[PDB]
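**Q** Have a look at the structure that comes next, please.
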Amino acid sequence: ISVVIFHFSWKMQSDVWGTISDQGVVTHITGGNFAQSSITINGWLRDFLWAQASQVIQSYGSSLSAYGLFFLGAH
Amino acid sequence: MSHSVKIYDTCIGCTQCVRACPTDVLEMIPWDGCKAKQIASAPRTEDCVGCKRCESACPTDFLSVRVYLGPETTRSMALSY
Amino acid sequence: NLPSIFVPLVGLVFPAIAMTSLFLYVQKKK
Amino acid sequence: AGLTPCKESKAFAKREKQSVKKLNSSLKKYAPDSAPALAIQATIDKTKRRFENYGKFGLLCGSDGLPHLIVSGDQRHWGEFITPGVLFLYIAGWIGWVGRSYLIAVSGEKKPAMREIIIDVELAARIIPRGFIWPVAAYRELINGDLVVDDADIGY
Amino acid sequence: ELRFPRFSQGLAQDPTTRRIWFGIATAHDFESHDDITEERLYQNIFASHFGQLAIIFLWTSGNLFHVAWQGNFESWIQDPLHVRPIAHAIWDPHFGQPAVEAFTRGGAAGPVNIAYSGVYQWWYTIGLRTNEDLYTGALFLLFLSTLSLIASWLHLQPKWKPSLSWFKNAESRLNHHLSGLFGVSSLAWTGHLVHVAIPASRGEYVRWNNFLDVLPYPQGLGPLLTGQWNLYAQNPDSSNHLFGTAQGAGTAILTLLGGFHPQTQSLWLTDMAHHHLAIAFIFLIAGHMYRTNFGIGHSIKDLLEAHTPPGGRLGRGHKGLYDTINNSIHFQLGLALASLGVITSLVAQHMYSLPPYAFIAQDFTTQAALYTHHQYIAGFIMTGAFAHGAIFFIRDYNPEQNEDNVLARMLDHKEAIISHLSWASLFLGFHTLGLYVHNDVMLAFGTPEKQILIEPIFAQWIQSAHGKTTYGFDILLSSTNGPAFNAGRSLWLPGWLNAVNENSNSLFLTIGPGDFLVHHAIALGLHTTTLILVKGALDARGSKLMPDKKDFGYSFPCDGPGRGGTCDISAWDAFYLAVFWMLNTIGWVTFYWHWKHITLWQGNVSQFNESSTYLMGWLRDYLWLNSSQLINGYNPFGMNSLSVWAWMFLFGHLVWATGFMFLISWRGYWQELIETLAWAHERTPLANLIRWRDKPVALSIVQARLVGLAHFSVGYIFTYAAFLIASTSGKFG
Amino acid sequence: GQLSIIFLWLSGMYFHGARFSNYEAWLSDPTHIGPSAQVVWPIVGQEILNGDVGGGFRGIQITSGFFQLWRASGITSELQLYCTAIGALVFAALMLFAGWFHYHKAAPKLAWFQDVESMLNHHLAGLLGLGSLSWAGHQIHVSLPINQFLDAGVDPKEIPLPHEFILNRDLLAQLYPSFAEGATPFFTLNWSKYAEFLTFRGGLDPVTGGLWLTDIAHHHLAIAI
Ligand code: CLA
Ligand SMILES: CC1=C(/C=C/C(C)=C/C=C/C(C)=C/C=C/C=C(C)/C=C/C=C(C)/C=C/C2=C(C)CCCC2(C)C)C(C)(C)CCC1
Ligand SMILES: CC1=C(/C=C/C(C)=C/C=C/C(C)=C\C=C\C=C(C)\C=C\C=C(C)\C=C\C2=C(C)CCCC2(C)C)C(C)(C)CCC1
Ligand code: SF4
Ligand code: SF4
């Protein structure tokens, strides 16, 4: 299950979701890097665990703090 | 002799170890040192698989049948192939 | 020069002879 | 050890300044009289009176603007560690001494097993105050030599 | 016998593959070999030791050979602060082209590896100067290795093997080892320091060709005979000294300065010569204590007997401990490990504060790779000391010859020892974690002042007793009145006090509230680690759950499901669980050393002093932050020098995660899995023509634990060792 | 018992969404106001958890997505979220009572249980079948015409209450002229008259980014049969 919900999270942020320009060009959340960086195990470490854990790690002092604590607490 | 099975003098002759040997090692022989007048005996230690259930059913102070695991043979390892 | 010979010898040959030597000794019977 | 008093440390009076500004930042977006504006204001006053009490009770602040505790026992600072500490040790025995009395009290029954999974509330009520004087009571047990046993340990 | 293993008949007739696995693990256990006798037991050990010296000398001849055949040693000398020391050359035929470029560095011509073992500085200091010194350095050690291999063979033939009484001579051995081994060697190393090393650091090149002409001191070998030794400390190296030449070069050979060499940030040469000369005497005089053949000197048996306290509080005291030690090898080994376990930690602690080699306090990576190395070695060795304590209580202890002495009593109140260890661990665990979560929460809500910052004042008082003036407590050596200050104002204090207040070295770093909380976390590790080992040792002979544990040996799987289940009961398993707490504990130590220094070297000391009070600070600002350069060792854009460390980093994660497979999933499941497989192979056509000689069975219960721990440890070392080197070397600062 | 707890769980969710939420604000600008339906007491500084989810409100931003569920059913009132909360709570007492009754007062026999033909027969027609058809009802008369106002773009406060359509049949005409003839085409097999509110579009709705409620309306009807 864990790899499935990892597969879904990265694929949608990189290839589907994201804002849209008024002009019409689309920029996805992670810039469409799934198709190149997800094939190497180190890729799943740099650009998914390390680069998408920024928000949880520095979530201290704002309303997302309760997630920062649970992140540690669940470890 | 593959494993060594030893029965002490504490045994009260309850025939709970013999009935619990899954491969017919232990057996009961007459005695005169208990009210029941019978003590267990282990004359077929070859086939002894080592399954300590034989002495998880000895109800004495510490134990009266004891099992020491030695070298392993092809039947004391319970190999079917 | 010299590495190009000694690296394979300790990486390929010397393992092979070692494994095949032990395998006979382990599997002997007398 | 060079820890300046918090009522003097400019760093301490800096942290107080930011956290107030940070809260007042979050306030100039709601209505000047809605429920959020009051709750924000409530926490703002709570903060200022928090910093003042830390710069009043003699807490010493380092170069981080943060309080530091002197647990060395310098009795200029007794209410930081020693005074709260004794307050704990009083309580901790009270819990300890009461529980001991109960187990001894129910020890002489047909099966003490049942009176511990199903606690006797009345008996635990006539024992709950005996922990008010545990320092006196225990210290007499130690002298009289009934606080401990010697070599009869398992069974009885 | 009749096949491998030749030393154990019970294993030989085992038909399954269990024999092969167990014929390797029980090779060196000489007691449990069949037909062993007490003469063989020693003679094998004596021959085996010479085998272990052969490896050590052959190992060190490897380093000298490569550093002088593929290394930068002559160039590195010319500028120690800008030339990466070179370990060896790389020839890997899988390398592509951009890797060949990337790993070409250090002024070489092809790929190389940068040496982080710090050999380059050590050989600079002790006087080596070209390649050619190293080649003969290689040959000599190679010869010494050849000599040792002869000895291991020689002392097995008849008419060359010692008898029992020779090994059991505990007195004549302690004289030689104390006076000859420890003693003379230290005296002779002093000789080399003042005949080669010190002259090298003053521009004088002295070698075996000419070392008879040169004088260590222009009036040498006189002033010592007269009694006015007060000349060898006359005119030392000036403050403005360049390590390799004659500028400011004094002529003193033995001094007492105590500071640092200003240029190279190391201890002075002339101090280290004096110190090895001083402790060359202590051991020589300590070596003539015990009686051997000449009617003077103590008897160690007598000393043990005489120390019996009146009043009986120690029972019969140390009576009879002579034979018990002098007849139990597992006892002697236990003591050796305990002493060796300590000083290795001592070595780690002193080297990083008092750099003893020139230009090694500015090679930051070498410092980290050394201090971390020796602590992990010390963590392993210390666990062995208790492990062979347990084997002592099982195999060789005798409950009659040790009647009521100090040793049998430690089996008599084992409940009192075990419980209090449990208390001290619990008290440290609740509050060190307790204050930590509190510090964590208070920062999560945006209030950093509401933390619990306890100033580590006792350690700050001690630092003030050694002269550090930051905390201004004005005590001994920090106050001018003190006679202790006056007693040293003209010998070493001016140099020692100048080093301790310098803010560049690691001598007595400033400590704050962060360092208080970590130290208890360190302290928690030692008690809990001790608790497992000490609980293992004292319950080895027996306990209530199984009061005849001694009849099964040190290591047995379990005792069956009865009486409520007995999984993990052998004293072996106590050592087993212990290693986990050792790796965790040493984890908390090396973590602390690296981060505190990695902030210092950047001059950003505030970052540690604030982030190190709440856990997310350690996870964000140390782990996550410092691994940015490591994980980019290779990406879909390119590779770097750091790729090899990036690869090993994951390789560490992979072995570690394989460890769980053997710890969690236990044997009975896999055994049923093999039987189906060994059926499929017996029915597949073209593949029923090949038959196993040794039947296939799943690993034994103890083997899985050992195998499972081997992966966990290997993966845990390689992972951290990769992050430690890459992150530091990435910035080289 | 397990059935009863779920109802109690549902009751809280509807209650909480009514008393402690910016739902009605969320119905104005659903694109850029986070759904919040939990508000913490400020004791130990933990009021920092009350995030600026916008809409003149504060609180823990939820993610279970009830708000899209309450909009797809045309709730558009705090009052209506309150009454269902009571209704959900009542059933919890009904179920919990029911459990007691059928084990201590009147417990069924074995022969009752083992008759698994009728078991399947009711669940297929009664629970699964009539469940959809009833729900396909509520979508036709309530969720569809109301949400067609909000999607058209109107303040939630002025949308005529859902019992106005079911009474004033002319209002449904002003959106859906097929509602003039009544239910007689359904009885004369002229089913292509209800093509306004029973379709087979597919795709997603450009205005709101979801399915077309006509398809959903048709879907449960097709499933029902
Ligand atoms: C009346 C309760 C009571 C008392 C007086 C003691 C006394 C003692 N325990 Mg202890 N213990 C208890 C309950 C108690 N225990 C319970 C319930 C547990 C299970 C969690 C433990 C687990 C435990 C361990 C693991 C250890 C001790 C140890 C000790 C000794 C040192 C004190 C210490 O470390 O505290 C330890 C304190 C705790 C572990 C905290 C838990 C205790 C709870 C909070 C108290 C329960 C009180 C009771 C429920 C109230 C009854 C009220 C009545 C009117 C109904 C001391 C003899 C240590 C020892 O051997 O040192 C010599 C030791 O290692 N105990
Ligand atoms: C188990 C066992 C064993 C083992 C044991 C062990 C292993 C132990 C260890 C132990 C240890 C591991 C210990 C440690 C110790 C330590 C010490 C004892 C220390 C001390 C210190 C000091 C004394 C110091 C002092 C000083 C100071 C304070 C500072 C200044 C300087 C001076 C010097 C003054 C054996 C084998 C026997 C057998 C039986 C059982
Ligand atoms: C002063 C101070 C300090 C120090 C301290 C110390 C050092 C202490 C020690 C201590 C100790 C060294 C102790 C010992 C003890 C022993 C014992 C032995 C005890 C016992 C106890 C008991 C026995 C009790 C019991 C009880 C009671 C009475 C109550 C509760 C219940 C019970 C029953 C548990 C510091 C620095 C920190 C800070 C400042 C202050
Ligand atoms: S171990 Fe098993 S086979 Fe052996 S005696 Fe006991 S019960 Fe019988
Ligand atoms: S179980 Fe024990 S007591 Fe009973 S017969 Fe066997 S040995 Fe004797």
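To be explicit about the labels: the chains of the structure tokens are called A, B, and onward in the order shown, and within each one the residues are counted from 1, while ligands get numbers from 1 in the order they are shown.
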Give me, as a list in words, the contact residues of chain D against chain F at a cut-off of 8 Å, counting only C-alpha atoms.
**A**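 That gives residues 30, 36 and 43 of chain D for chain D.
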**Q** Using 7 Å as the limit and counting only C-alpha atoms and all ligand atoms, can you tabulate each residue of chain B that touches ligand 4, with its shortest atom-to-atom distance in Å and the two atoms involved, as CSV?
**A**
residue,atom,partner,partner_atom_place_in_ligand_line,distance
B:5,CA,ligand 4,5 (S),6.4
B:20,CA,ligand 4,7 (S),5.9
B:21,CA,ligand 4,7 (S),3.7
B:22,CA,ligand 4,7 (S),5.7
B:23,CA,ligand 4,3 (S),5.4
B:24,CA,ligand 4,8 (Fe),6.4
B:25,CA,ligand 4,8 (Fe),5.2
B:26,CA,ligand 4,5 (S),6.0
B:47,CA,ligand 4,3 (S),6.5
B:48,CA,ligand 4,3 (S),3.7
B:49,CA,ligand 4,3 (S),4.4
B:50,CA,ligand 4,1 (S),3.6
B:51,CA,ligand 4,1 (S),3.8
B:52,CA,ligand 4,1 (S),4.4
B:53,CA,ligand 4,7 (S),5.2
B:54,CA,ligand 4,7 (S),3.4
B:55,CA,ligand 4,6 (Fe),6.3
B:67,CA,ligand 4,1 (S),6.5
**Q** Would you mind listing what lies within 12 Å of stretch 234-251 of chain E as a PyMOL selection string, with only C-alpha atoms counted and same-chain residues fewer than 5 positions away left out?
**A** chain E and resi 77-80+124-129+194+197-205+215-220+223+228-229+256-257+259-266+268-271+357-359+495
**Q** Give the residue list for ligand 2 at 9 Å, counting only C-alpha atoms and all ligand atoms, as number ranges by chain, sorted by chain and then by residue number.
**A** E: 330-339, 341-342, 382-393, 407, 410, 533-534, 536-538
**Q** Please write the residues from the selection above to a file, keeping N, CA, C and O atoms, as a CSV table (one decimal), in the first residue's frame.
**A**
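Once everything was written out, this is result-v9.csv:
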chain,number,residue,atom,x,y,z
E,330,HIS,N,38.9,-17.4,29.7
E,330,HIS,CA,37.8,-16.5,29.5
E,330,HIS,C,37.8,-15.4,30.5
E,330,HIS,O,37.2,-14.3,30.3
E,331,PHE,N,38.4,-15.6,31.7
E,331,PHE,CA,38.5,-14.5,32.7
E,331,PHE,C,39.6,-13.5,32.2
E,331,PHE,O,39.3,-12.3,32.2
E,332,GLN,N,40.7,-14.0,31.8
E,332,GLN,CA,41.8,-13.1,31.4
E,332,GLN,C,41.4,-12.3,30.2
E,332,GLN,O,41.7,-11.1,30.2
E,333,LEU,N,40.7,-12.9,29.3
E,333,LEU,CA,40.3,-12.2,28.1
E,333,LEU,C,39.3,-11.1,28.5
E,333,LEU,O,39.4,-9.9,28.0
E,334,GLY,N,38.4,-11.4,29.4
E,334,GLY,CA,37.5,-10.4,29.8
E,334,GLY,C,38.1,-9.1,30.3
E,334,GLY,O,37.8,-8.0,30.0
E,335,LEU,N,39.1,-9.3,31.2
E,335,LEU,CA,39.9,-8.2,31.8
E,335,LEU,C,40.6,-7.4,30.7
E,335,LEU,O,40.6,-6.2,30.6
E,336,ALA,N,41.2,-8.1,29.7
E,336,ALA,CA,42.0,-7.5,28.7
E,336,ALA,C,41.1,-6.6,27.8
E,336,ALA,O,41.4,-5.5,27.5
E,337,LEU,N,39.9,-7.1,27.5
E,337,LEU,CA,39.0,-6.3,26.7
E,337,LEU,C,38.5,-5.1,27.5
E,337,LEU,O,38.4,-4.0,26.9
E,338,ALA,N,38.2,-5.2,28.7
E,338,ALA,CA,37.7,-4.1,29.5
E,338,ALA,C,38.7,-3.0,29.5
E,338,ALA,O,38.4,-1.8,29.3
E,339,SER,N,40.0,-3.3,29.8
E,339,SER,CA,41.0,-2.3,29.8
E,339,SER,C,41.2,-1.8,28.4
E,339,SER,O,41.4,-0.6,28.2
E,341,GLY,N,39.0,-1.7,26.0
E,341,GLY,CA,37.8,-1.0,25.6
E,341,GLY,C,37.9,0.4,26.1
E,341,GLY,O,37.4,1.3,25.5
E,342,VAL,N,38.4,0.7,27.3
E,342,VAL,CA,38.4,2.0,27.9
E,342,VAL,C,39.4,2.9,27.1
E,342,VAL,O,39.0,4.0,26.6
E,382,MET,N,34.1,-3.1,24.2
E,382,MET,CA,33.6,-3.1,25.5
E,382,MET,C,32.4,-4.1,25.7
E,382,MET,O,32.3,-4.7,26.8
E,383,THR,N,31.7,-4.4,24.6
E,383,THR,CA,30.7,-5.4,24.7
E,383,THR,C,31.3,-6.8,24.8
E,383,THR,O,30.7,-7.6,25.5
E,384,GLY,N,32.4,-7.0,24.2
E,384,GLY,CA,33.0,-8.3,24.3
E,384,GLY,C,33.5,-8.6,25.7
E,384,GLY,O,33.4,-9.7,26.1
E,385,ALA,N,33.9,-7.6,26.4
E,385,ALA,CA,34.4,-7.8,27.8
E,385,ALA,C,33.4,-8.4,28.7
E,385,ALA,O,33.7,-9.4,29.4
E,386,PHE,N,32.1,-7.9,28.6
E,386,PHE,CA,31.1,-8.6,29.4
E,386,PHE,C,30.7,-9.9,28.8
E,386,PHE,O,30.4,-10.8,29.5
E,387,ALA,N,30.8,-10.1,27.4
E,387,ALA,CA,30.4,-11.3,26.8
E,387,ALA,C,31.3,-12.4,27.3
E,387,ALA,O,30.8,-13.5,27.6
E,388,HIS,N,32.6,-12.2,27.4
E,388,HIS,CA,33.5,-13.2,28.0
E,388,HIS,C,33.5,-13.2,29.5
E,388,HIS,O,34.0,-14.1,30.1
E,389,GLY,N,32.8,-12.3,30.1
E,389,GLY,CA,32.5,-12.5,31.5
E,389,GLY,C,31.5,-13.6,31.7
E,389,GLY,O,31.6,-14.4,32.6
E,390,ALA,N,30.4,-13.6,30.8
E,390,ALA,CA,29.4,-14.6,30.9
E,390,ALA,C,30.0,-16.0,30.7
E,390,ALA,O,29.6,-16.9,31.4
E,391,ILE,N,30.8,-16.1,29.7
E,391,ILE,CA,31.4,-17.4,29.4
E,391,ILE,C,32.2,-17.9,30.6
E,391,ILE,O,32.4,-19.1,30.8
E,392,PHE,N,32.8,-17.0,31.4
E,392,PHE,CA,33.5,-17.4,32.5
E,392,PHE,C,32.6,-18.0,33.6
E,392,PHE,O,32.9,-19.1,34.1
E,393,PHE,N,31.5,-17.4,33.8
E,393,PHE,CA,30.6,-17.9,34.9
E,393,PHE,C,30.0,-19.3,34.5
E,393,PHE,O,29.7,-20.1,35.3
E,407,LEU,N,34.1,-12.6,44.6
E,407,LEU,CA,33.5,-12.9,43.4
E,407,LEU,C,32.2,-13.7,43.6
E,407,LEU,O,31.2,-13.4,42.9
E,410,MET,N,29.2,-11.3,44.3
E,410,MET,CA,28.5,-10.7,43.2
E,410,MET,C,27.5,-11.6,42.6
E,410,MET,O,26.8,-11.1,41.7
E,533,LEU,N,24.0,-6.2,29.7
E,533,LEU,CA,25.2,-7.1,29.8
E,533,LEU,C,25.3,-7.6,31.2
E,533,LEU,O,25.6,-8.8,31.4
E,534,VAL,N,25.1,-6.7,32.2
E,534,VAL,CA,25.3,-7.2,33.6
E,534,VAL,C,24.2,-8.1,34.0
E,534,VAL,O,24.4,-9.1,34.7
E,536,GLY,N,22.9,-10.1,31.9
E,536,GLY,CA,23.3,-11.4,31.3
E,536,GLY,C,24.3,-12.1,32.0
E,536,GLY,O,24.2,-13.3,32.2
E,537,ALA,N,25.3,-11.4,32.6
E,537,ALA,CA,26.4,-12.1,33.2
E,537,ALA,C,26.0,-12.8,34.5
E,537,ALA,O,26.2,-14.0,34.7
E,538,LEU,N,25.3,-12.1,35.4
E,538,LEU,CA,25.0,-12.6,36.7
E,538,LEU,C,23.9,-13.7,36.6
E,538,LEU,O,23.9,-14.5,37.5
**Q** Just the number, please: distance in Å from atom CA of residue D:63 to atom CA of residue E:457, one decimal.
**A**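 Interatomic distance, atom CA of residue D:63 to atom CA of residue E:457: 16.0 Å.
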**Q** Kindly compile the residues surrounding ligand 5 within 12 Å, counting only C-alpha atoms and all ligand atoms, and format them as a ChimeraX atom specification.
**A** /B:5-21,25-31,33-34,36-42,52-67
**Q** With C-alpha atoms retained, export the selected residues as a PDB file, in the first residue's frame.
**A**
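The resulting part-v5.pdb:
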ATOM      1  CA  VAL B   5      16.516 -37.444  27.266  1.00  0.00           C
ATOM      2  CA  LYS B   6      16.890 -37.911  31.019  1.00  0.00           C
ATOM      3  CA  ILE B   7      14.246 -38.706  33.635  1.00  0.00           C
ATOM      4  CA  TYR B   8      14.977 -37.990  37.282  1.00  0.00           C
ATOM      5  CA  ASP B   9      13.732 -39.482  40.551  1.00  0.00           C
ATOM      6  CA  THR B  10      11.316 -36.656  41.295  1.00  0.00           C
ATOM      7  CA  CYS B  11       8.869 -38.096  38.759  1.00  0.00           C
ATOM      8  CA  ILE B  12       5.537 -38.997  40.302  1.00  0.00           C
ATOM      9  CA  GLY B  13       4.445 -41.482  37.646  1.00  0.00           C
ATOM     10  CA  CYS B  14       1.654 -39.439  36.149  1.00  0.00           C
ATOM     11  CA  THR B  15       2.058 -40.646  32.557  1.00  0.00           C
ATOM     12  CA  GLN B  16       1.736 -37.132  31.192  1.00  0.00           C
ATOM     13  CA  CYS B  17       5.068 -37.075  29.384  1.00  0.00           C
ATOM     14  CA  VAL B  18       4.595 -40.444  27.699  1.00  0.00           C
ATOM     15  CA  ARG B  19       1.180 -39.511  26.355  1.00  0.00           C
ATOM     16  CA  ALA B  20       2.641 -36.285  24.958  1.00  0.00           C
ATOM     17  CA  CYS B  21       5.556 -37.700  22.986  1.00  0.00           C
ATOM     18  CA  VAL B  25      10.181 -42.042  22.696  1.00  0.00           C
ATOM     19  CA  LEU B  26       9.307 -42.277  26.376  1.00  0.00           C
ATOM     20  CA  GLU B  27       7.552 -45.205  28.042  1.00  0.00           C
ATOM     21  CA  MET B  28       6.419 -46.327  31.481  1.00  0.00           C
ATOM     22  CA  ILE B  29       8.173 -48.926  33.637  1.00  0.00           C
ATOM     23  CA  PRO B  30       7.427 -50.212  37.132  1.00  0.00           C
ATOM     24  CA  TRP B  31       9.092 -48.640  40.143  1.00  0.00           C
ATOM     25  CA  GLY B  33       9.549 -45.091  44.735  1.00  0.00           C
ATOM     26  CA  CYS B  34       6.171 -43.417  44.388  1.00  0.00           C
ATOM     27  CA  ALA B  36       1.723 -44.653  41.882  1.00  0.00           C
ATOM     28  CA  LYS B  37       4.546 -47.239  41.787  1.00  0.00           C
ATOM     29  CA  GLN B  38       5.711 -46.404  38.260  1.00  0.00           C
ATOM     30  CA  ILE B  39       8.321 -44.094  36.732  1.00  0.00           C
ATOM     31  CA  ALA B  40       8.861 -42.963  33.163  1.00  0.00           C
ATOM     32  CA  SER B  41      11.700 -44.171  30.972  1.00  0.00           C
ATOM     33  CA  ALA B  42      13.288 -43.141  27.682  1.00  0.00           C
ATOM     34  CA  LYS B  52       9.981 -29.827  24.295  1.00  0.00           C
ATOM     35  CA  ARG B  53       6.256 -30.552  24.671  1.00  0.00           C
ATOM     36  CA  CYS B  54       7.330 -33.806  26.321  1.00  0.00           C
ATOM     37  CA  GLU B  55       8.384 -31.779  29.349  1.00  0.00           C
ATOM     38  CA  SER B  56       5.854 -28.976  29.155  1.00  0.00           C
ATOM     39  CA  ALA B  57       3.618 -31.572  30.777  1.00  0.00           C
ATOM     40  CA  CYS B  58       5.688 -32.687  33.754  1.00  0.00           C
ATOM     41  CA  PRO B  59       4.052 -31.135  36.817  1.00  0.00           C
ATOM     42  CA  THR B  60       6.807 -31.155  39.435  1.00  0.00           C
ATOM     43  CA  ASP B  61       8.923 -28.743  41.427  1.00  0.00           C
ATOM     44  CA  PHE B  62      11.311 -27.996  38.620  1.00  0.00           C
ATOM     45  CA  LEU B  63      11.001 -30.964  36.235  1.00  0.00           C
ATOM     46  CA  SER B  64      11.434 -34.701  36.150  1.00  0.00           C
ATOM     47  CA  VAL B  65      11.975 -35.293  32.419  1.00  0.00           C
ATOM     48  CA  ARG B  66      14.672 -33.139  30.879  1.00  0.00           C
ATOM     49  CA  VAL B  67      15.800 -32.804  27.264  1.00  0.00           C
TER      50      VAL B  67
END
**Q** Run DSSP on the backbone of this structure and report the residues of chain C it assigns to alpha helix (DSSP H), as number ranges by chain.
**A** C: 2-8, 14-26
**Q** Within 12 Å of chain A, which residues of chain D come that close, and what is the closest atom pair and distance in Å for each? Count only C-alpha atoms and give it as a tab-separated table.
**A**
residue	atom	partner	partner_atom	distance
D:19	CA	A:61	CA	10.5
D:22	CA	A:61	CA	10.5
D:23	CA	A:62	CA	11.1
D:26	CA	A:62	CA	11.0
**Q** Could you list, with a cut-off of 8 Å and counting only C-alpha atoms and all ligand atoms, the residues of chain D near ligand 3, each shown with its nearest atom pair and the distance in Å rounded to one decimal, rows sorted by chain and ascending number, as CSV?
**A**
residue,atom,partner,partner_atom_place_in_ligand_line,distance
D:71,CA,ligand 3,38 (C),6.2
D:72,CA,ligand 3,39 (C),5.6
D:73,CA,ligand 3,39 (C),4.6
D:82,CA,ligand 3,40 (C),6.6
D:92,CA,ligand 3,30 (C),6.9
D:93,CA,ligand 3,30 (C),4.1
D:94,CA,ligand 3,30 (C),6.9
D:95,CA,ligand 3,30 (C),7.1
D:96,CA,ligand 3,30 (C),3.9
D:97,CA,ligand 3,31 (C),4.3
D:98,CA,ligand 3,31 (C),7.7
D:99,CA,ligand 3,31 (C),7.7
D:100,CA,ligand 3,33 (C),6.3
D:134,CA,ligand 3,29 (C),7.0
D:135,CA,ligand 3,28 (C),7.1
D:138,CA,ligand 3,28 (C),5.1
D:139,CA,ligand 3,28 (C),7.1
D:147,CA,ligand 3,33 (C),7.0
D:148,CA,ligand 3,23 (C),7.8
**Q** Dump C-alpha atoms for the selected residues as a tab-separated table (two decimals), in the first residue's frame?
**A**
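Contents of out-v1.tsv, freshly written:
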chain	number	residue	atom	x	y	z
D	71	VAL	CA	20.00	23.85	39.25
D	72	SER	CA	23.34	23.97	41.07
D	73	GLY	CA	21.56	24.83	44.31
D	82	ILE	CA	14.90	23.06	44.60
D	92	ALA	CA	5.56	11.34	44.97
D	93	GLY	CA	5.75	9.71	48.36
D	94	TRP	CA	2.08	10.44	48.98
D	95	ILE	CA	1.28	8.34	45.95
D	96	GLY	CA	3.91	5.84	47.00
D	97	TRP	CA	3.03	5.65	50.67
D	98	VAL	CA	-0.72	5.33	50.14
D	99	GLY	CA	-0.37	2.54	47.62
D	100	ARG	CA	1.88	0.63	49.97
D	134	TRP	CA	4.05	10.11	54.95
D	135	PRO	CA	7.42	11.74	55.83
D	138	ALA	CA	7.75	6.39	57.08
D	139	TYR	CA	10.70	7.76	59.00
D	147	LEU	CA	9.91	-0.50	56.25
D	148	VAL	CA	11.95	-3.47	54.97
**Q** Using only C-alpha atoms and all ligand atoms, which residues have at least one atom no more than 10 Å from ligand 1? Output them as a compact mmCIF listing (two decimals) with C-alpha atoms, in the first residue's frame.
**A**
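Contents of the output file out.txt:
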# COMPACT_ATOMS: atom_id res chain seq x y z
CA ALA D 92 5.56 11.34 44.97
CA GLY D 93 5.75 9.71 48.36
CA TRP D 94 2.08 10.44 48.98
CA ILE D 95 1.28 8.34 45.95
CA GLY D 96 3.91 5.84 47.00
CA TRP D 97 3.03 5.65 50.67
CA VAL D 98 -0.72 5.33 50.14
CA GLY D 99 -0.37 2.54 47.62
CA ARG D 100 1.88 0.63 49.97
CA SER D 101 -0.68 0.89 52.77
CA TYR D 102 -3.39 -0.53 50.62
CA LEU D 103 -1.52 -3.53 49.41
CA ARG D 115 -9.29 -6.69 45.74
CA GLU D 116 -6.78 -5.15 43.34
CA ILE D 117 -8.54 -5.61 40.00
CA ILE D 118 -11.75 -4.54 41.76
CA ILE D 119 -10.48 -1.79 44.04
CA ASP D 120 -12.18 -1.35 47.41
CA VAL D 121 -13.18 2.30 47.29
CA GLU D 122 -14.16 2.77 50.93
CA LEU D 123 -10.95 1.21 52.23
CA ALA D 124 -9.01 3.36 49.80
CA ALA D 125 -10.85 6.37 51.20
CA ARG D 126 -9.82 5.85 54.82
CA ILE D 127 -6.25 5.42 53.53
CA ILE D 128 -6.13 8.28 50.99
CA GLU E 415 18.98 -8.82 42.56
CA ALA E 416 20.29 -5.64 44.20
CA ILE E 417 22.64 -4.89 41.31
CA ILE E 418 20.09 -5.55 38.58
CA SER E 419 17.25 -3.53 40.06
CA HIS E 420 19.21 -0.37 40.73
CA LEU E 421 20.66 -0.44 37.24
CA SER E 422 17.04 -0.62 36.20
CA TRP E 423 16.23 2.38 38.37
CA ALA E 424 19.04 4.59 37.10
CA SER E 425 18.15 3.76 33.52
CA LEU E 426 14.48 4.49 34.15
CA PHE E 427 15.17 7.79 35.88
CA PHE E 430 11.90 9.43 31.70
